[PDB]
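So you can see what is in the structure, the chains are spelled out below.
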Amino acid sequence: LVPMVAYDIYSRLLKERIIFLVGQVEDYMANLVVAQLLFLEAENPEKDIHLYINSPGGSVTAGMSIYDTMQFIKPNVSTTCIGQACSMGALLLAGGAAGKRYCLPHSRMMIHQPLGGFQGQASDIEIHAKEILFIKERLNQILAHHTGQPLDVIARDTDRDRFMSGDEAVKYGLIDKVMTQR
Amino acid sequence: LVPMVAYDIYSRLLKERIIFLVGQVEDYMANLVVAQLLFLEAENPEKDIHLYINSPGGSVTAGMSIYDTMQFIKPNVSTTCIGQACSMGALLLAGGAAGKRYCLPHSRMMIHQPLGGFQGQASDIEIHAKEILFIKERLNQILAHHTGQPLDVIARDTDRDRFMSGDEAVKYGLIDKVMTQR
Amino acid sequence: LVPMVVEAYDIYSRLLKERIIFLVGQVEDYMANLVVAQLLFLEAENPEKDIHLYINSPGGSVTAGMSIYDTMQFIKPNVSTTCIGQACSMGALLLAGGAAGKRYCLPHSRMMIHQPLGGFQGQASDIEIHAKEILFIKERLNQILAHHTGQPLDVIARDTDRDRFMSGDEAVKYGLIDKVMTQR
Amino acid sequence: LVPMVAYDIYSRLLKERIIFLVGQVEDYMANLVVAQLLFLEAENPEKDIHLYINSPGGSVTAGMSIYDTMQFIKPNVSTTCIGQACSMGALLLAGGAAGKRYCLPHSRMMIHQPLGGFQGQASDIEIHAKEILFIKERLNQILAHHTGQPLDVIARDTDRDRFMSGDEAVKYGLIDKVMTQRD
Amino acid sequence: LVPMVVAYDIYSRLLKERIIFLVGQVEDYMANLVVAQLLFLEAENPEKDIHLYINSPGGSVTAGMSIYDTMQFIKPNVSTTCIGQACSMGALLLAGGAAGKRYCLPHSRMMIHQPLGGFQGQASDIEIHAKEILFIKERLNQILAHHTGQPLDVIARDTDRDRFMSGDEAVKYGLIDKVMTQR
Amino acid sequence: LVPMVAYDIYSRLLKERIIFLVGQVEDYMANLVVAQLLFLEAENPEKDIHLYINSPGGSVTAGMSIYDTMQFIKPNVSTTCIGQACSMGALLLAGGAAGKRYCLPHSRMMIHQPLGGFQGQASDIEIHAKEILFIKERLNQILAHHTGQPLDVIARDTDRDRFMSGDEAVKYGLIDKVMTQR
Amino acid sequence: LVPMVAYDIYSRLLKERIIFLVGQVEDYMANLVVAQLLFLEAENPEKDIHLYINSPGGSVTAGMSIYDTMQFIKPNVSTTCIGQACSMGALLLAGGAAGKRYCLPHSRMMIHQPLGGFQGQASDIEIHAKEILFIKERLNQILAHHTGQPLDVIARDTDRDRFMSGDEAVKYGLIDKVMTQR
């Protein structure tokens, strides 16, 4: 299991204002991040917070609780992508404090458009089709804001999977800097 | 994995009078909330309580145990929706203390009419069909009360799934204010 | 997991010091016996102070429920019952069995009473034995309700033939509970 | 998760010499009961022990390890049936200390003959068939001893499932007294 | 779940009293716990006897052999008491207790038989394993012969099929020394 | 069962700055290593770190989070292969601090080209085919760098599975020294 | 349930420098032994270590991580077979310190040649067929070294499963002495 230092390794790094977001985004792991963001704010609302991201994405609602909590709290939340940051992972990465969004040299980042599904009555399909296009609209606006791109460019570039290297992501505005050595 | 601070992260935020309702509403997670509400009432019946909600809904009986506990206890129960609050989740959100029901900019809220199912004898189907139509009326009455809407509007807007943004939810009365930055 | 409180109890152990016990979900031997143990412990801690049993249950095992019911009557303290969410089948009987005048629910709780359910397979001779046993259980359970609600025996039998849902007000008019609590 | 008032609730009642036997009887839960009986004997070989039984029965061998441990140790082991005590559950109840075998008003007790099954060679069936008829005789002898009934009555009444009320079980000898309110 | 004694679990509490429990089917992991408990007790006191309670239907021969050989290897005498049942490896481990200190309780059941196995593959490989299980059969019979005092050919014959035994029968056979009834 | 020393055995060896990477490479075990690497850097950024590897490989993104963290942090991260180090495992071994890459006499190391798969629209297949071809090139560049081999040799020798002994791995540059006795 | 002594039973025997290897050999249980061997060395690099073995075999790579760690460390690692030591289990037993490899009277030991399997391209089959023939050679060399037999005898005697008694294993060189009573 998770090794100990009585702290587990992650509790020990939480004192350093470090939070890890690992794996598929889902309601329960997302709320752990929220709780850590809220806890760290209370410990010190001025000191920066560092959110490490290695995720392929997941639930839009689950990510939005993370994204909105990052913006809502007083401390700046830096984001660093290690390994990969795809879909909601990439949106959370772009959502970090301005100038404090990083990745490492071989990180992979991918952005695409929302995925969903529904079945039932045509009237109900209409409701959910409109809800997913609105979610698509709103998520593109968040990207445009943090990257500086026009919404129409984000919508076009995310139509299909678009993978990005560290350098490409900086050119895009998805991150600020590729870190190499401390 | 629940991190530690010797409290775990949620026990640590429980002292600040913060309770989390995450995921599908069901008897056991619903009863934890009830117990947390009662404990906080005993710790201090005057200080407010803050209930964060990221839930797609679930059991009406489990949800009503939460709803009735929120009203029953002396302290005001504020509600903040992060991520999503759909079906029973939206009712618990609307049921928070007057003026102290919030959400974040990208929260999604959805209201609809109750869901159910049964199989057996026609005589038994009649009994259970009448019970769910009774719940449908009772739940619409609860929404009308907390939102200020006329009952016939609630019945109309909840016939099918109806999604709402933060701004829309404020105009509807479902919440009081969209929080953006602390 | 179940959250923690300092002077270090988990939330339910912390409310147990306040003599509050929770019965959640389907009634079965193991969760039912936990309730029994909590009832017995609280009796030894103080045989005079009331005990509060919160119920949110759809029912379950008749024998498992009966271990709870008989423990409630057996011990000296009065066991109040409050229905939150729902109290159906064995859940409703345990609710009805609370100390006289101290049986409550909350405004939107739902309560349901019906007749016992069972099943068996085997030889006709063996079916006969178990059919008689479940008919006996039905008689005694209706007698428990009649006693605690004040209703005539034949009325309970009549009303439990099919599922019968009740609101808080209905349950008070019926005798199933004493009072609908709203605000402390 | 068992609540904490620092003992877990059952450990706290274990100090009070109360042991709970719940659910299907099987080697592992049965051996816990055995362990609790031995520990309590070591803590105090004179004080009574109270064994609550809410069980539908189960393995005879696992139950017999409990039955024989109850008799072997010095303390008297009282038994109280709550909920139900059927098959091996009823035998463990009947096997409690004389005059100290109880139930509550709505407890249900059921006695019957043993159940089994086997497959293989006819010769092996014969061996195991003889083994279960021996267990059936031995178990009837255990009931007859503790209830006071004649052996042939036990054999007669256990041919099929036989349920008993509290009052009936007292009249039969399966238990001594139906408890209603504490003293 | 295992109750606590104050902070001991019930079994660790009885381990101080030099008691070890062997419950259920014999397999590598539960078998090694017993070995470790035996080794620990030898280190705590190499002279005091050890009490091994056995309620098992048997299991792996290799797993059982690690217990048997550890019982003989260590200096303390390993008393054995059967509660419930002791079948197959369970009965061998019981018979393997220190001479004069092998017990059971009145309603214990013991069963002895020949080893069970299975294999599939090439005829050459079947031959290798068929001879290995016949060697295991010979060796296990010799262990029974040693501890019971019976001749080897009698063990082979009596184990051809499942053979159930009562406490009295097991004493007559040499499988155990005495049927304990009351402390 | 993790044995105890008030440490579990791995927590005790973490103090001697030893980290174990065992089994298939995946986000969660990979991030544990990242956390241990960061923790050890903070305790002492100058003392070397010893990373034991017994792995057949696994997720490239998960491994790269380990790889990039090894280089990013201040301490030299020694690597010792015990048992096996194949695919991503062999890359992590070769990526250790120069001159401090070891194995034991019977360790097996294997290098090959990336594996992947996808299904869907031809246009989407095209996107991911180019992405895995990009990863293949970048990984060959990493091996070439740490082993000293020319890029075209790595491409040639990794076309199919290529197993190496300790001695072979030293001649190749994959490791620096075969340890025998301390 | 592992009983407790405040040590669990196995942690308590670890102080006496006893390690248990039970069941199928696999990466995770194998690395625990490695970790315990390294810890005992650090606690005292001169005092002997006692490794009890009751295993039917398992992974060659996982077993080799154990074997090489036994040789690498300074202390002598005695080995005692209780119950059985088959396949990799028998190799680890034979690999114990010279003169300090034991068994108990009814232990069974079995040696055979390695097993493997593969599917795919004929070219890939060729690569892996050569690798398992190489592993077969390397493992036979290990037994030859520790047993004193010529390699060709080991290869021949392991062509099929070969079971051994305590006395047989001693004449063969697989173990040094059959312990009976302390």
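Thresholds, definitions, all that
- Residues numbered from 1 in each chain as written, not as in the entry; some residues may be left out.
- Chains lettered and ligands numbered in written order.
- Heavy atoms only, no water.
- Helix = DSSP H or I, 4+ residues; strand = E, 2+ residues; numbered from the N terminus.
- Rg over C-alpha atoms; globule rule 2.2 N^0.38 Å.
- Buried < 20%, exposed > 50% of the residue type's maximum accessible area, 1.4 Å probe, protein only.
- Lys, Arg positive; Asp, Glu negative; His and termini not counted.
- Charge placed at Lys NZ, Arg CZ, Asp CG, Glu CD.
- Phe/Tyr/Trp six-rings, centres within 6.5 Å; stacked < 30°, edge-to-face > 60°.
- Salt bridge = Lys/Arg side-chain N within 4 Å of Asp/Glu carboxyl O.
- UniProt positions renumbered as here; feature names shortened; annotations may be inferred.
- Contact = heavy atoms within 4.5 Å.
- Polar contact = N/O pair within 3.5 Å; in protein donor to acceptor, adjacent residues only side chain to side chain.
- Disulfide = S-S within 2.5 Å.
- Expected span 1.5 Å × (residues − 1).
- Axes fitted to C-alpha atoms, helices over the stretch in contact; angles between N-to-C directions.
- Parallel < 35°, antiparallel > 145°, perpendicular 65-115°, else oblique.
- Nonpolar A, V, L, I, M, F, W, Y, C, P; charged D, E, K, R; others polar.
- Patch = residues over 30% accessible without salt bridge, like charges linked within 9 Å, V, L, I, M, F, W, Y side chains within 5 Å.
- Areas by Shrake-Rupley, 256 points an atom, 1.4 Å probe, with all protein chains shown as cover.
- Buried area = accessible area lost by both parts, 1.4 Å probe.
- Core = buried A, V, L, I, M, F, W, Y, C linked by side-chain atoms within 4.5 Å.
- Pairing = 2+ DSSP bridges.
- Right-handed = clockwise from strand over helix to strand, strands pointing away.

Regarding how it was determined, this PDB entry cites X-ray crystallography in its header, along with a resolution of 2.6000 Å.

## Some details on the overall build of chain A
Across its full length, chain A holds seven helices and seven strands. Taken from the N to the C terminus, the helices and strands of chain A come in the order α-β-α-β-α-β-α-β-β-α-α-β-α-β. A compact globule built from 182 residues should have a C-alpha radius of gyration of about 16 Å, and chain A, at 17 Å, falls within 12% of that. Expressed as lengths along the three principal axes of its C-alpha atoms, the size of chain A is roughly 55 × 35 × 30 Å. Relative to its 182 residues, chain A shows a buried fraction of 57%.

## Details of the overall build of chain D
Tallying secondary structure elements over chain D gives seven helices and seven strands in all. Along its sequence from the N terminus, chain D presents helices and strands in the succession α-β-α-β-α-β-α-β-β-α-α-β-α-β. Computed over C-alpha atoms, the radius of gyration of chain D comes to 17 Å, within 12% of the 16 Å expected from 2.2 N^0.38 for 183 residues, which places it in the range of a compact globule. Taking the principal axes of its C-alpha atoms as reference, chain D extends roughly 55 × 35 × 30 Å. Counting across all 183 residues of chain D, residues that qualify as buried make up 60%. Taking the 17 positively charged and 21 negatively charged side chains of chain D as two groups, their mean positions are separated by 6 Å.

## Side note on the packing of aromatic side chains
The full count for this structure, using the stated rule, is 14 aromatic pairs over all chains. Between the aromatic rings of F22(C) and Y54(C), the centroid separation amounts to 5.1 Å while the plane-to-plane angle is 20 degrees, which identifies the pairing as stacked. Here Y54(C) lies in strand β4 (residues 51–57) and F22(C) lies in strand β3 (residues 20–24), a separation of 32 residues in the sequence. Assigned by exposure class, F22(C) and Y54(C) land together as buried. In textbook terms, an aromatic cluster arises when at least three aromatic residues are bridged by ring pairs, as seen for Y10(A), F20(A) and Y52(A).

## Details of the pattern of salt bridges
All names here are of chain B. Enumeration over the complete set of coordinates arrives at 60 salt bridges over all chains. One salt bridge connects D157 with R162, and the closest N-O pair in it is separated by 4.0 Å. The exposure class of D157 is buried, given its relative accessible area of 7%. Judged by its relative accessible area of 38%, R162 is partly exposed.

## Quick notes on the UniProt feature "active site" (unreviewed entry) in chain A
All names here are of chain A. When the UniProt feature table is mapped to this numbering, "active site" (unreviewed entry) covers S87 and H112. Taken together, the annotated residues stretch across 26 residues yet fold into one region, lying no more than 6.1 Å apart by C-alpha. Examined against the element boundaries, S87 turns out to sit in the loop between β3 (77–86) and α4 (88–94). Beyond its immediate chain neighbours, meaning those up to four positions away, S87 contacts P56, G57, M110 and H112. Mapping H112 onto the fold places it in the loop between β5 (108–111) and α5 (122–147). Residue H112 is classed as partly exposed on the basis of its relative accessible area, which comes to 24%. Residues contacting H112, with those up to four places away along its chain left out, are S87, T158, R160 and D161.

## What about the UniProt feature "active site" (unreviewed entry) in chain D?
Residue and element names in this part refer to chain D. The UniProt feature table records "active site" (unreviewed entry) at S87 and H112. Relative to the assigned elements, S87 resides in the loop between β3 (77–86) and α4 (88–94). The residues touching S87, leaving out its near neighbours within four places in the chain, are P56, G57, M110 and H112. Beyond its immediate chain neighbours, meaning those up to four positions away, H112 contacts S87, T158, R160 and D161. Engagement of the side chain of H112 in a polar contact is seen with the side chain of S87, the distance being 2.3 Å.

## Some details on the state of the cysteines
Considering all chains together, one arrives at zero disulfides over all chains under this definition. Summary of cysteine pairing: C81(B) is not part of a disulfide, and the nearest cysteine sulfur, belonging to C103(B), is at 6.0 Å. Residue classification places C81(B) among the buried positions, given a relative accessible area of 0%. No disulfide involves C103(D); its nearest neighbouring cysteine sulfur is the one of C81(D), lying 6.0 Å away.

## Notes on helix α2 (residues 27–43) of chain B
Residues and elements named next belong to chain B. In this model α2 runs 24 Å from its N-terminal to its C-terminal C-alpha over 17 residues, within 8% of the 24 Å that 1.5 Å per residue would give. Burial runs high along α2: 13 of the 17 residues are buried. Where α2 starts, the residue carrying a side-chain oxygen 2.9 Å from the main-chain nitrogen of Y28 turns out to be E26.

## Considering the packing of helix α2 (residues 27–43) of chain A against helix α3 (residues 60–72) of chain A
Residues and elements named next belong to chain A. It is at 8 Å that the axes of α2 and α3 come closest, and there the two elements cross at 10 degrees. Classed by the angle they form, the pair α2 and α3 counts as roughly parallel. Residues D27, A30, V33, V34, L37 and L38 of α2 lie in contact with α3, whose contacting residues are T61, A62, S65, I66, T69 and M70. Here the contact of α2 with α3 is built from residues that sort into eight nonpolar, three polar and one charged.

## Quick notes on unusual backbone geometry
Even without being a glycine, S87(A) presents a positive backbone phi close to 55 degrees. Exposure remark for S87(A): the relative accessible area of 16% places this residue in the buried category. A positive phi angle is found at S87(D), which is not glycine, with a value near 55 degrees.

## So, a nonpolar patch on the surface
On the surface, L1(A), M4(A) and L1(B) cluster together to form a nonpolar patch covering roughly 400 Å² of accessible area. When you line up the elements, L1(A) lands in the segment before α1 (9–15). On the basis of relative accessible area, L1(A) is assigned to the exposed category, the value being 90%.

## With respect to the interface of chain C and chain B
Contact residues are listed per partner, giving 31 residues for chain C and 35 residues for chain B. Both sides together, the interface formed by chain C and chain B hides about 3000 Å², and carbon and sulfur atoms give 61% of it. Per-residue buried area on chain C facing chain B is highest for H108(C), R162(C) and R184(C); these three make up 22% of the total on that side. Applying the counting rule to chain C against chain B returns four salt bridges.

## Overview of the arrangement of the chains
Of all C-alpha pairs spanning chain A and chain G, none lies closer than 11 Å, and the two are not in contact. At no point do chain B and chain G touch; the closest pair of C-alpha atoms across them sits 20 Å apart.

## Overview of the side chain of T79(A)
Residue and element names in this part refer to chain A. Checked against the element boundaries, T79 lands in strand β3. Owing to a relative accessible area of 0%, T79 belongs among the buried residues under this scheme. There is a polar contact of 2.9 Å between the side chain of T79 and the backbone oxygen of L93. In this structure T79 touches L51, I53, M70, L92, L93, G96, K100, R101 and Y102, once residues within four positions along its chain are discounted.

## Describing the nonpolar core
Counting residues in each nonpolar core, the largest one holds 59 residues, and the members touching the most others are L22(E), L175(E) and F20(G). For this core, the element with the most residues is helix α2 (residues 28–44) of chain E, which contributes 10 residues.

## Looking at helix α3 (residues 61–73) of chain E
All names here are of chain E. In this model α3 runs 18 Å from its N-terminal to its C-terminal C-alpha over 13 residues, within 8% of the 18 Å that 1.5 Å per residue would give. Most of α3 is tucked away, with 11 of its 13 residues classed as buried. All buried positions along α3 are accounted for by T62, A63, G64, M65, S66, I67, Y68, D69, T70, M71 and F73.

## Observations regarding the interface of chain D and chain C
Taken together, the 32 residues of chain D in the interface contact 36 residues of chain C. In terms of surface lost to chain C, no three residues of chain D exceed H106(D), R160(D) and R182(D), which account for 22% of the buried area on that side. For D126(C), the salt bridge goes to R160(D), with nearest N and O atoms at 3.0 Å. On the surface where chain D and chain C come into contact, there are 11 residue pairs in polar contact. Going through the elements one at a time, α1 (9–15), β1 (18–22), β2 (49–55) and β3 of chain D are the ones with two or more residues in the side of chain D that touches chain C. If one sorts the elements of the side of chain D that touches chain C by residue count, α1(D) sits on top with four residues.

## What to know about the side chain of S89(C)
With respect to the helices, strands and loops of the structure, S89(C) is situated in the loop between β5 (79–88) and α4 (90–96). For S89(C), the residues in contact, after removing those within four places along its chain, are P58(C), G59(C), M112(C) and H114(C).

## Overview of the pairing of strand β4 (residues 50–56) of chain E
All names here are of chain E. The buried fraction of β4 amounts to six of the seven residues, a majority that puts the element mostly inside the structure. Taken together, the five bridges between strand β3 (residues 19–23) and β4 define a ladder with parallel strand orientation. Each residue of the ladder has a partner; that of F21, found in β4, is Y53. As a crossover connection, the stretch from β3 through α2 into β4 is right-handed. As judged from the six bridges shared by β4 and strand β5 (residues 78–87), these two strands associate in the parallel manner.

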